[PDB]
Amino acid sequence: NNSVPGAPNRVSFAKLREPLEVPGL
Amino acid sequence: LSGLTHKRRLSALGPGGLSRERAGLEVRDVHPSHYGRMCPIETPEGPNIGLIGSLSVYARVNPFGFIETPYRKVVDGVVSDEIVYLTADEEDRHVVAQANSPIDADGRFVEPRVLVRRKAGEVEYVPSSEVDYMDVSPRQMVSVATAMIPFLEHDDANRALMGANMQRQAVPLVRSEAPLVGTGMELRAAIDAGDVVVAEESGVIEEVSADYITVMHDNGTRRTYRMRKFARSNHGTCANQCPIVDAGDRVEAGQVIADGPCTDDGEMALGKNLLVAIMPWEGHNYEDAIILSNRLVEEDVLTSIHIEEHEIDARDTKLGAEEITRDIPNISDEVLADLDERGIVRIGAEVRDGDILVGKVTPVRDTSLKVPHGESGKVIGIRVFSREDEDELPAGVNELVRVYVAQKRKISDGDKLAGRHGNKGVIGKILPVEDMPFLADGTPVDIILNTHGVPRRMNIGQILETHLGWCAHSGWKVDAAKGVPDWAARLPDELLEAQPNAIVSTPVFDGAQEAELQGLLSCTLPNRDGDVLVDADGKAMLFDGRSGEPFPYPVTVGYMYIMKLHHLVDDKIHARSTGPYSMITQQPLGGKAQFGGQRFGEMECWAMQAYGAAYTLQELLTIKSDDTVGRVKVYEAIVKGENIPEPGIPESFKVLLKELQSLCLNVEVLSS
Amino acid sequence: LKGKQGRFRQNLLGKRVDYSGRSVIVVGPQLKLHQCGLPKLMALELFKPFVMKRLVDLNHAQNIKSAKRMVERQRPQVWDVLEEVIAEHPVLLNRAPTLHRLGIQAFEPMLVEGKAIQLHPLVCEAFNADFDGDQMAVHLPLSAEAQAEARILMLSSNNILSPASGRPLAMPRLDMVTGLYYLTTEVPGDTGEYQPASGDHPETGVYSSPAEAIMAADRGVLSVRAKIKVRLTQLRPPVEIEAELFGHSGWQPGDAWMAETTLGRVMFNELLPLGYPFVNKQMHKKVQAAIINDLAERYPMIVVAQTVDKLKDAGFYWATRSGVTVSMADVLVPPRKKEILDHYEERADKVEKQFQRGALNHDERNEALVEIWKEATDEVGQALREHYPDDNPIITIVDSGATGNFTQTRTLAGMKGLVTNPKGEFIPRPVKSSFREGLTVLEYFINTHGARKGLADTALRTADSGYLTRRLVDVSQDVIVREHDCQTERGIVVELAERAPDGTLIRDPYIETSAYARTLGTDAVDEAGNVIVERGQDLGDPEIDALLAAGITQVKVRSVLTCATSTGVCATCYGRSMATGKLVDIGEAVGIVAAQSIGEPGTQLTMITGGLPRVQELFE
Amino acid sequence: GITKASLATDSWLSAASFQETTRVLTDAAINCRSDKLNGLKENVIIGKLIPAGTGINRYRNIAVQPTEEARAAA
Amino acid sequence: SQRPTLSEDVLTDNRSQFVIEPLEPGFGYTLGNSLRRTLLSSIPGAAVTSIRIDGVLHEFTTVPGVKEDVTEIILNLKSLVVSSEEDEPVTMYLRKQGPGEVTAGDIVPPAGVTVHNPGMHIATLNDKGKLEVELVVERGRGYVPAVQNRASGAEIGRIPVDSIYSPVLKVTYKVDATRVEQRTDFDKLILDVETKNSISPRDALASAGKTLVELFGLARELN
Amino acid sequence: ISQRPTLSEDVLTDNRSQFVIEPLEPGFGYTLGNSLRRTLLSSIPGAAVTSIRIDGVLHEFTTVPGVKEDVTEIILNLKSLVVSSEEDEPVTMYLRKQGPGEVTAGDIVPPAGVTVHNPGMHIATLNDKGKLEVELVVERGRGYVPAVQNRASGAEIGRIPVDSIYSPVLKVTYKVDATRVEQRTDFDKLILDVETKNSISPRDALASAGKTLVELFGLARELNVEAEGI
Amino acid sequence: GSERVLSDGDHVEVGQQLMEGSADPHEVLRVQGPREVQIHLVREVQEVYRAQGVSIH
Amino acid sequence: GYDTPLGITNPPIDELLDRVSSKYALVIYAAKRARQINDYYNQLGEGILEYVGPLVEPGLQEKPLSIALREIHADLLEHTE
Ligand SMILES: [Mg+2]
Ligand SMILES: [Zn+2]
């Protein structure tokens, strides 16, 4: 679910899914 | 990160707003309607507390100016994927659920009673039907800076605020490294930070270079990006860009192409990874001090670059126009050996404190610009603006020239360091690499932290961070032949098998639990020598470097992220014995740059009076501040072997007389 | 002349002086008490004229200008003279902003590399300094007069006793106390302990002298803290044994006696000054304070400083090996917290239903909830304390008085409990988790308020205390001890210790302050004709003990309040000084000392209010 | 109170230093109030040695010479 | 009962184990620690001192054709390891032009010096640019700040570089004790040392032994 | 590199001493100090007593008849006795007296070789019609060895092993001090402190320790050939 | 005893406060003299300082 | 009856106070002697004498004030109140 094309892969202690990406900061 | 936070800031003072003295104290406190709009943690430490907040992660301003916040509306007890944005008033008039409350995959509430937030400061369980709104993510109330502090749910409010404020003071290093443990909001906070370029259209790179890049679009249009190298930042630090792409790769649109300062492969990196140990060590780490191995100094692990900046100008005058010229009256050839024909120092020439940096003549006197007190380094570039070449200049000037001096600073004694959990410190002493304690396999540690400061400050999060960092660094492999252990039920199926120097990320308010760490620490991969260093608890057996015998008890070790603050030591240190004197007040100048003495407050006068010391106070007030002839005579006597003559009449008292005599008040002396 | 910039006022705000310098401070444990470290890059630039003169004297240069040029260029011919020219030249340190008398010391310099002004650990409390970026200036006396001034009066080794009360301030403070506690602690059933003769086997655990004990401990057959029976030879035994074994004939070096203690206690007692009776009890911080006070009240200051330095060195050495660390396995959760929380939550539900009936209002519900949750927090804290053994580093740190309290440990392991609100009233919503287990979003949001309020409170308190101190210093500038003795008779009478109707004597809980240092007005002759304390003789710890032994209750004591001197006060009336330990010397200012002492504690004064405003109103 | 106790003193210079400089200066000027340099505040404003500690005349005027016994034995 | 110690070697690819026994009780730890301390800081070696890049006046800049600036190549060159046989500053050359990669094996050392790791990656070049770098190799021990060359007052084209003369990388020891009640109570020391391949472990151990022997010789003389 | 030679100074007292080495390269302070202390403390060979016997007592719980002192006090007093031996084999020694009076170490009859360096030392005192016979064995060794290591020893009636002290030195302590030989101003200045028995002089014990340590490092040096500074 | 209530018809000593609070220094001074007000001020300030736990002579 | 100190604290402070009346007198009582010693040193190229030189034999380049304090401890000076 890496939105950017080629970001480094770092698995996360994910338990819940956020239904929207962070809006443009 | 500092730039992004400043761009996202929310001020409350200034023109058109309340002042410091008139603003009430209650306004500086939280309000139950802040949840989702303004972060409650991030705030300046100074007196401007509560008047400067920061937008929440998901907050977006409505077209009128009322902050909003996303929500998904539950219709009949079933969660809705579609989302809407609600303002404060509409938020009050509804029921807002809890994101962390368990929810079934089908949208069914497993629990009949789910906690909830109500009108104001009211929370209470309610049946699982009347609930109307549910939040989106657990991280919906944190600021941008606070969103990247791992294990934020374990620290204290003050400590979390201190760490968040500290994160905005790092210094870009020379060779950055991504943190081993950090939230998933690092790369996103960097792409939007603007300080990293990114391709617009999916193309294939033809060639790359240290100074520029050329990517070929799929439509046949060649485009080029220029990357500024070693350009002084707005605050004195350096900025660069080093492309991370190879020749002949079809780079997709939106893929980072260059890493700016504090970046590593398109993600924030404000510090390095050091092997820490927690134990009081011969009092050198007493009361927040810190000890560093010389390996950091000799390997440029924490070496930074700082670029100074100076400028001189030749502005016209009624008596004539000043001109920069190589020649200067009554100066030896050696002194001006650096200046070139045009009258400026050649590029790439070392400059020492007190040296001449650019020569000019004043109608002729000498007023050349010289390096201030306490600067050194190379000269990287010179910019000269000339009115002849049709270059806009401020009115009344002809030639303004600025010179950049860049110095490489290696971390030394008296420098600040701090983790992400707000635990400051100073480098008490840098022992040789042969003296630090070393693991059972010969791996000397790099930094030692005190332990008495952990439980009083109550920032236990950093201990968990250290444990997880060691676990991630060494790599783990959880047993699964007999089946997933009960403590490993909720772990992602792809997180059970890691590699050495693996990368992990724990989102705020949703991360590895204590059971997860307990299980992981029991399955770390063995060292190449075949043995495992740390125990299940996380402690290890060390070996003293001085005595050479093992410590009686095990100690904790692990990799913890360490930044570097901007409060360096070279800026602070300063001395002054004799130098330029002010002309209007007859007092020595002030400030490090001007080479001036220190201030002597009245409290020092009270302290001196308390001890009964009289002559010392007399000296401090008369012979070293005001009396001109006194200063000259004492300096001459010291140069010779003669005793210091008694001080005279201070200039302040004589000025007071000659001023009070002007109001017709005949002020006599009555020496009798 | 008038206003803030009026030349009258601006003459008092201070002037910018020469021969100065500021830098960061870093603790250094390798220095004696009367010592400090200066970076060479600062010392060479601050001693320039002396170096130039002494160098031209040695014929390394021809004139003064050439010597100055060479000093600027820093040739290798200068460092030797720089070391030779600061042999015994004192310098003055001043942490900004200085607050009290002890805020300006005078240390001997010592060259050391780096760019930080090293310091001694035991003096940081005098400056209230924290080694997290604080900066202090460095002045230097020039004339032959200021040198003696700063060498005799302002020296650091001569100001162990704080001016507030005549009790030492420079004492083991934060870390070394833990080392001493570990060293002097006793444990049963250790390795190599003493045992009794068991039939055919002798009694083991007896060593001829501490040397053999140290060797055995080094070899690895004797833990440093175990019950032993050593045979000391250079430590006066406790009076209870001195008067019995030797029949009061008097111990002298060279007389042996069989002690029963642990090697750690002997190694600790070896640090104390010779002749002091053996001390054979575990060293809680209170015991440390008592021992240091006794040493300061029975021996000269220099011996106290030397023994304090040695004790600090030993504490630092032995703190590292105490094995005090922090880990997840150390912060241990309570075993049965869940059942107690369930029961208290059930009772909370009961009162909730009671309110649902509608009989009670909101206020009664709030009161019931707050009291219930306070009781629950107390119960959980009791259970948590009953759970932890005496080996966890947290318990060892907290119980030994090193720092902190038990409430912080309860928060870190048990329950944080109800938390304050912006209005100051306790929210009806209590947190049910500890920082170890992990909070939730709502609880943290609720918790933020206390931190915000505390920050604001400190921010206002600092300025309030500063203003109060300034005013108090302003009022009493011109009090100075002029005459040696007013020869007056009016002496305020203070009840030393009351005699209980059933008991024989009860020490007044404030004898430590009212009549501890004042000069005794009239002799307190016992019921019989014998005189226990004679007229004029200053009071003190041994004399206070003697008075208590005599059973005297009411005593008339000479005071400064009724002093008959036209200006200032008579010295005999003022009584025993604070920093000197003896009668005040003629000419010493007392007004400034009093103002500083009364104003310094203003920082911690917080809330008819009872805080600093109360004192302001009272004095006004 | 402390304020009223400190506003009324004997030396005019310190009083002018504290508050209402013009009024007290005028009042002192009319009376020709000549004051000795007594106290610390005025004595430190002037710059002369403070009359406290090592400044009192009882100690500022001391003559010290080696005892005749030492002089006899060099 | 009483025998002098003896030192033997157990060999591996590049890290060797040394076994010393029998030693008197409570004495192995101190000896091992002393050897480790004298091994990691007082072993003579040689390393690059200062470089000279043609067409470049200082270090805070770049050069056309390369992918990384001067600082990165300096950092990479710090990893270079060389051994000096002559006791004077010698000079090497590094000339590589055209597209491709430039490694440690492209240096042409003079007589009396060698580069033992030709596989290191220095940088990469695009066809546009070329490169010619001259570097010095002096012999020292310990560690010296780069600024040493700043005061020499050379021309502009000289760039100082930090020198790190140390061939040893890691050292560790464990003691195998025998605490039986018999008079065979001794301990066996197991010292392991690994080098940067500049010198074999035996040479470094011999150098450390000689250093300590010469240092302790000052006490054996009758006082 | 020759660097700068390191000279060993010296100070004198009744039987103590403060040997000083100055200056040393940065970090060599402890490198010398710790190993030198350990060698001094547990390398120098010596002689001492190992076991005793009292035919007047069957075990250790009680005390010998007709003597003021207790068995444990007797053991402690007899342990501190300084005995020098030149014969490897364990030889015996006898102490016998009769009638009231005191007993001194000098009154013990020594066989060939062994000697006692303190004859005026007190052991115990006897009342009227008192007697005690002891047969203590003496052995040569190094360092400290507890009696537990001598527990299993044949089969006898009243063998009571005592913790021996096989060393002429019994106390050592050292520090490190900074020094300024140049702009470095970090060179270490070792300060040793030794206090030996009467059977050896400190300047000789230190010399023997240095001899042993140099002989030990001769193995390290001998593996190859390579030189260093003074 | 402090627990006792203010009972009418009893007797009191001169200068004592009848109810909780603070007595104006002027009144106690005029009705007692300087000594009583001095000691009362000293005791009150000492009490307020002893409240926080700090100690001064 | 205590370990000999090192540094500027030798001689100690209490020993001096037994001689001088009060600590405030001692500072001047020593500073004036230091001034006299410095004056004696200054007239060393040619001989003009106003006061004698050090009584106790000095060390190796010791500050004059140290000599003054170390000779006051020996009870070799007499002063006027
Ligand atoms: Mg601080
Ligand atoms: Zn009086």
# chains A, B, ... in the order shown; residues from 1 in each chain; ligands from 1
call {"tool": "residues_around", "arguments": {"residues": "residue 302 of chain B", "least_positions_apart": "2", "cutoff": "8 Å", "atoms": "only C-alpha atoms", "output": "PyMOL selection string"}}
result
chain B and resi 173-174+272+296-297+300+304+410-411+564
call {"tool": "residues_near_ligand", "arguments": {"ligand": "ligand 1", "cutoff": "7 Å", "atoms": "only C-alpha atoms and all ligand atoms", "output": "list in words"}}
result
residues 129, 130, 131, 132, 133 and 134 of chain C
call {"tool": "select_by_dssp", "arguments": {"residues": "segment 59-93 of chain F", "states": "strand (DSSP E)", "output": "list in words"}}
result
residues 83, 84, 91, 92 and 93 of chain F
call {"tool": "atom_distance", "arguments": {"atom1": "atom CA of residue 92 of chain E", "atom2": "atom CA of residue 71 of chain E"}}
result
19.9 Å
call {"tool": "residues_near_ligand", "arguments": {"ligand": "ligand 2", "cutoff": "7 Å", "atoms": "only C-alpha atoms and all ligand atoms", "output": "PyMOL selection string"}}
result
chain C and resi 485-488+560+562-565+569-573
call {"tool": "write_last_selection", "arguments": {"atoms": "N, CA and C atoms", "output": "PDB file, in the first residue's frame"}}
result
ATOM      1  N   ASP C 485      29.731  44.207  71.672  1.00  0.00           N
ATOM      2  CA  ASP C 485      28.853  43.787  72.761  1.00  0.00           C
ATOM      3  C   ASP C 485      28.068  44.995  73.252  1.00  0.00           C
ATOM      4  N   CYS C 486      26.727  44.955  73.186  1.00  0.00           N
ATOM      5  CA  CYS C 486      25.860  46.071  73.648  1.00  0.00           C
ATOM      6  C   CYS C 486      25.713  45.986  75.167  1.00  0.00           C
ATOM      7  N   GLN C 487      26.073  44.848  75.796  1.00  0.00           N
ATOM      8  CA  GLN C 487      25.967  44.707  77.249  1.00  0.00           C
ATOM      9  C   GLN C 487      24.551  44.999  77.736  1.00  0.00           C
ATOM     10  N   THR C 488      23.562  44.521  76.963  1.00  0.00           N
ATOM     11  CA  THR C 488      22.142  44.700  77.337  1.00  0.00           C
ATOM     12  C   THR C 488      21.673  43.445  78.067  1.00  0.00           C
ATOM     13  N   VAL C 560      18.883  39.302  68.940  1.00  0.00           N
ATOM     14  CA  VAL C 560      19.194  40.540  68.235  1.00  0.00           C
ATOM     15  C   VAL C 560      17.999  41.485  68.233  1.00  0.00           C
ATOM     16  N   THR C 562      16.190  42.650  70.557  1.00  0.00           N
ATOM     17  CA  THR C 562      16.201  43.588  71.715  1.00  0.00           C
ATOM     18  C   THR C 562      17.595  44.204  71.859  1.00  0.00           C
ATOM     19  N   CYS C 563      18.401  44.185  70.794  1.00  0.00           N
ATOM     20  CA  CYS C 563      19.788  44.716  70.821  1.00  0.00           C
ATOM     21  C   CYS C 563      19.764  46.215  71.133  1.00  0.00           C
ATOM     22  N   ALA C 564      20.704  46.719  71.946  1.00  0.00           N
ATOM     23  CA  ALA C 564      20.733  48.132  72.404  1.00  0.00           C
ATOM     24  C   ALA C 564      21.703  49.006  71.593  1.00  0.00           C
ATOM     25  N   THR C 565      22.322  48.502  70.518  1.00  0.00           N
ATOM     26  CA  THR C 565      23.318  49.274  69.724  1.00  0.00           C
ATOM     27  C   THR C 565      22.585  50.392  68.969  1.00  0.00           C
ATOM     28  N   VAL C 569      23.754  46.220  64.928  1.00  0.00           N
ATOM     29  CA  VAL C 569      23.499  45.339  66.060  1.00  0.00           C
ATOM     30  C   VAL C 569      24.824  44.994  66.719  1.00  0.00           C
ATOM     31  N   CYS C 570      24.771  44.540  67.978  1.00  0.00           N
ATOM     32  CA  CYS C 570      25.986  44.077  68.683  1.00  0.00           C
ATOM     33  C   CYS C 570      26.207  42.647  68.207  1.00  0.00           C
ATOM     34  N   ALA C 571      27.461  42.235  68.082  1.00  0.00           N
ATOM     35  CA  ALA C 571      27.822  40.903  67.611  1.00  0.00           C
ATOM     36  C   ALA C 571      27.386  39.829  68.596  1.00  0.00           C
ATOM     37  N   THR C 572      27.607  40.057  69.893  1.00  0.00           N
ATOM     38  CA  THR C 572      27.219  39.063  70.889  1.00  0.00           C
ATOM     39  C   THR C 572      25.730  38.753  70.802  1.00  0.00           C
ATOM     40  N   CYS C 573      24.891  39.762  70.554  1.00  0.00           N
ATOM     41  CA  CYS C 573      23.424  39.552  70.405  1.00  0.00           C
ATOM     42  C   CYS C 573      23.149  38.695  69.173  1.00  0.00           C
TER      43      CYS C 573
END
call {"tool": "select_by_dssp", "arguments": {"residues": "chain E", "states": "alpha helix (DSSP H)", "output": "PDB file with C-alpha atoms, in the first residue's frame"}}
result
ATOM      1  CA  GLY E  28      43.620 -14.011  33.174  1.00  0.00           C
ATOM      2  CA  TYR E  29      41.145 -11.131  33.000  1.00  0.00           C
ATOM      3  CA  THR E  30      43.715  -8.414  33.685  1.00  0.00           C
ATOM      4  CA  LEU E  31      46.246  -9.813  31.207  1.00  0.00           C
ATOM      5  CA  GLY E  32      43.628 -10.146  28.482  1.00  0.00           C
ATOM      6  CA  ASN E  33      42.356  -6.621  29.070  1.00  0.00           C
ATOM      7  CA  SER E  34      45.893  -5.215  29.020  1.00  0.00           C
ATOM      8  CA  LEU E  35      46.667  -6.957  25.730  1.00  0.00           C
ATOM      9  CA  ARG E  36      43.394  -5.738  24.223  1.00  0.00           C
ATOM     10  CA  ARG E  37      44.040  -2.163  25.355  1.00  0.00           C
ATOM     11  CA  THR E  38      47.579  -2.134  23.961  1.00  0.00           C
ATOM     12  CA  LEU E  39      46.415  -3.756  20.698  1.00  0.00           C
ATOM     13  CA  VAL E  70      34.041  15.679  -3.368  1.00  0.00           C
ATOM     14  CA  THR E  71      32.894  14.983   0.195  1.00  0.00           C
ATOM     15  CA  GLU E  72      31.415  11.602  -0.743  1.00  0.00           C
ATOM     16  CA  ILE E  73      34.573  10.498  -2.551  1.00  0.00           C
ATOM     17  CA  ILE E  74      36.671  11.601   0.436  1.00  0.00           C
ATOM     18  CA  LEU E  75      34.451   9.525   2.723  1.00  0.00           C
ATOM     19  CA  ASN E  76      34.800   6.538   0.389  1.00  0.00           C
ATOM     20  CA  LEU E  77      38.583   6.958   0.187  1.00  0.00           C
ATOM     21  CA  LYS E  78      38.780   6.953   3.985  1.00  0.00           C
ATOM     22  CA  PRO E 201      47.564 -11.167  13.506  1.00  0.00           C
ATOM     23  CA  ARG E 202      50.970 -12.536  14.519  1.00  0.00           C
ATOM     24  CA  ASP E 203      52.751  -9.315  13.558  1.00  0.00           C
ATOM     25  CA  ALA E 204      50.335  -7.131  15.530  1.00  0.00           C
ATOM     26  CA  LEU E 205      50.547  -9.417  18.560  1.00  0.00           C
ATOM     27  CA  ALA E 206      54.349  -9.330  18.420  1.00  0.00           C
ATOM     28  CA  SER E 207      54.348  -5.536  18.151  1.00  0.00           C
ATOM     29  CA  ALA E 208      52.047  -5.209  21.163  1.00  0.00           C
ATOM     30  CA  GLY E 209      54.159  -7.666  23.135  1.00  0.00           C
ATOM     31  CA  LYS E 210      57.331  -5.728  22.373  1.00  0.00           C
ATOM     32  CA  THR E 211      55.660  -2.446  23.320  1.00  0.00           C
ATOM     33  CA  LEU E 212      54.564  -3.816  26.691  1.00  0.00           C
ATOM     34  CA  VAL E 213      57.953  -5.462  27.313  1.00  0.00           C
ATOM     35  CA  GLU E 214      59.770  -2.195  26.656  1.00  0.00           C
ATOM     36  CA  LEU E 215      57.286  -0.323  28.848  1.00  0.00           C
ATOM     37  CA  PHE E 216      57.576  -2.714  31.809  1.00  0.00           C
ATOM     38  CA  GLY E 217      61.367  -2.936  31.503  1.00  0.00           C
ATOM     39  CA  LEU E 218      61.588   0.333  33.445  1.00  0.00           C
ATOM     40  CA  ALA E 219      60.520  -1.460  36.649  1.00  0.00           C
ATOM     41  CA  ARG E 220      62.758  -4.544  36.574  1.00  0.00           C
TER      42      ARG E 220
END
call {"tool": "interface_residues", "arguments": {"of": "chain C", "to": "chain H", "cutoff": "9 Å", "atoms": "only C-alpha atoms", "output": "ChimeraX atom specification"}}
result
/C:34,84,87-90,108,144-149,151-153,155,157-158,273-274,300-303,306,585-588
call {"tool": "write_last_selection", "arguments": {"atoms": "C-alpha atoms", "output": "CSV table (one decimal), in the first residue's frame"}}
result
chain,number,residue,atom,x,y,z
C,34,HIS,CA,38.7,23.4,45.4
C,84,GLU,CA,54.0,28.0,35.4
C,87,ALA,CA,50.2,27.8,39.9
C,88,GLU,CA,48.0,29.3,42.6
C,89,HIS,CA,46.0,32.0,40.8
C,90,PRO,CA,42.3,31.8,41.8
C,108,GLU,CA,41.7,27.2,41.4
C,144,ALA,CA,47.6,41.3,45.0
C,145,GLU,CA,44.6,42.2,47.2
C,146,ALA,CA,41.8,40.6,45.3
C,147,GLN,CA,43.9,37.5,45.1
C,148,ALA,CA,44.0,37.1,48.9
C,149,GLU,CA,40.3,38.1,49.0
C,151,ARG,CA,41.7,32.9,48.2
C,152,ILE,CA,40.6,33.3,51.9
C,153,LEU,CA,36.9,34.4,51.8
C,155,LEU,CA,37.1,29.9,48.4
C,157,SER,CA,36.2,24.6,50.5
C,158,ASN,CA,35.3,27.2,53.2
C,273,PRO,CA,38.3,10.8,59.7
C,274,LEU,CA,40.4,9.0,62.2
C,300,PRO,CA,37.0,21.6,61.4
C,301,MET,CA,35.8,22.5,57.9
C,302,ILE,CA,38.8,21.2,56.0
C,303,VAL,CA,38.5,17.7,57.4
C,306,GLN,CA,38.4,16.1,52.5
C,585,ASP,CA,33.2,39.0,63.1
C,586,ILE,CA,32.9,42.8,63.4
C,587,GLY,CA,32.0,44.5,60.1
C,588,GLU,CA,30.3,41.5,58.4
call {"tool": "closest_residue", "arguments": {"among": "B:329, B:630, B:254, B:558", "to": "residue 6 of chain A", "atoms": "only C-alpha atoms"}}
result
B:254
call {"tool": "residues_around", "arguments": {"residues": "residue 263 of chain C", "least_positions_apart": "2", "cutoff": "9 Å", "atoms": "only C-alpha atoms", "output": "PyMOL selection string"}}
result
chain C and resi 183-184+210+213-214+223-230+261+265-268
call {"tool": "interface_residues", "arguments": {"of": "chain B", "to": "chain A", "cutoff": "9 Å", "atoms": "only C-alpha atoms", "output": "CSV table (one decimal) with C-alpha atoms, in the first residue's frame"}}
result
chain,number,residue,atom,x,y,z
B,4,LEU,CA,6.8,22.1,7.2
B,8,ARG,CA,1.5,24.6,9.2
B,57,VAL,CA,-3.1,15.5,10.5
B,58,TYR,CA,-6.5,15.2,8.7
B,59,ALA,CA,-7.8,18.7,9.4
B,60,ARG,CA,-8.8,20.8,6.3
B,81,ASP,CA,-16.8,3.5,4.1
B,82,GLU,CA,-17.8,6.8,2.6
B,83,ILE,CA,-16.8,9.7,4.7
B,100,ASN,CA,-10.0,1.9,18.4
B,136,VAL,CA,-11.2,7.4,10.9
B,137,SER,CA,-7.8,6.7,12.4
B,138,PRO,CA,-6.4,6.7,15.9
B,144,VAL,CA,2.6,16.4,12.1
B,183,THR,CA,6.1,5.6,12.3
B,184,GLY,CA,4.7,5.2,8.8
B,185,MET,CA,4.4,9.0,8.4
B,187,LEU,CA,8.2,9.4,3.7
B,188,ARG,CA,4.9,11.2,3.2
B,189,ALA,CA,6.1,14.1,5.5
B,191,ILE,CA,7.6,14.2,-0.2
B,192,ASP,CA,5.2,17.1,0.7
B,193,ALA,CA,8.1,18.9,2.4
B,251,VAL,CA,11.4,5.8,-13.4
B,252,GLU,CA,7.7,6.0,-12.8
B,253,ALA,CA,5.9,9.3,-12.2
B,254,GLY,CA,6.0,10.5,-8.6
B,255,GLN,CA,9.2,8.6,-7.8
B,256,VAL,CA,11.7,10.5,-5.8
B,265,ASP,CA,16.1,7.2,0.0
B,266,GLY,CA,13.2,9.6,0.1
B,267,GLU,CA,12.3,9.5,3.8
B,490,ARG,CA,-2.3,-10.6,15.6
B,491,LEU,CA,1.1,-10.2,14.0
B,492,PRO,CA,1.0,-9.6,10.2
B,494,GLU,CA,4.7,-11.2,6.6
B,495,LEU,CA,6.3,-9.8,9.8
B,502,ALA,CA,15.6,-4.9,8.9
B,503,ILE,CA,13.2,-1.9,9.0
B,504,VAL,CA,10.1,-1.7,11.2
B,505,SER,CA,7.4,0.9,11.8
B,506,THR,CA,5.0,1.2,14.8
B,507,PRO,CA,2.1,3.8,14.0
B,510,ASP,CA,-1.4,1.2,17.3
B,511,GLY,CA,1.8,-0.7,17.7
B,512,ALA,CA,3.5,-3.7,19.1
call {"tool": "residues_around", "arguments": {"residues": "residue 24 of chain C", "least_positions_apart": "6", "cutoff": "12 Å", "atoms": "only C-alpha atoms", "output": "VMD selection string"}}
result
(chain B and resid 413 to 416 425 to 428 567 to 574) or (chain C and resid 37 to 39 95 to 96 114 to 119 129 to 138)
call {"tool": "residues_around", "arguments": {"residues": "residue 199 of chain E", "least_positions_apart": "6", "cutoff": "12 Å", "atoms": "only C-alpha atoms", "output": "VMD selection string"}}
result
chain E and resid 14 to 15 43 to 46 81 to 84 114 116 166 to 169 193 205 to 207
call {"tool": "decode", "arguments": {"residues": "segment 10-18 of chain A", "atoms": "C-alpha atoms", "output": "tab-separated table (two decimals), in the first residue's frame"}}
result
chain	number	residue	atom	x	y	z
A	10	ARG	CA	9.29	-1.41	5.78
A	11	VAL	CA	6.57	-3.74	7.06
A	12	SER	CA	4.59	-2.24	9.95
A	13	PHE	CA	2.77	-3.48	13.05
A	14	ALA	CA	-0.52	-2.73	11.33
A	15	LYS	CA	-3.80	-3.83	12.90
A	16	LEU	CA	-6.39	-1.35	11.57
A	17	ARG	CA	-6.75	0.11	8.08
A	18	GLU	CA	-7.26	3.83	7.47
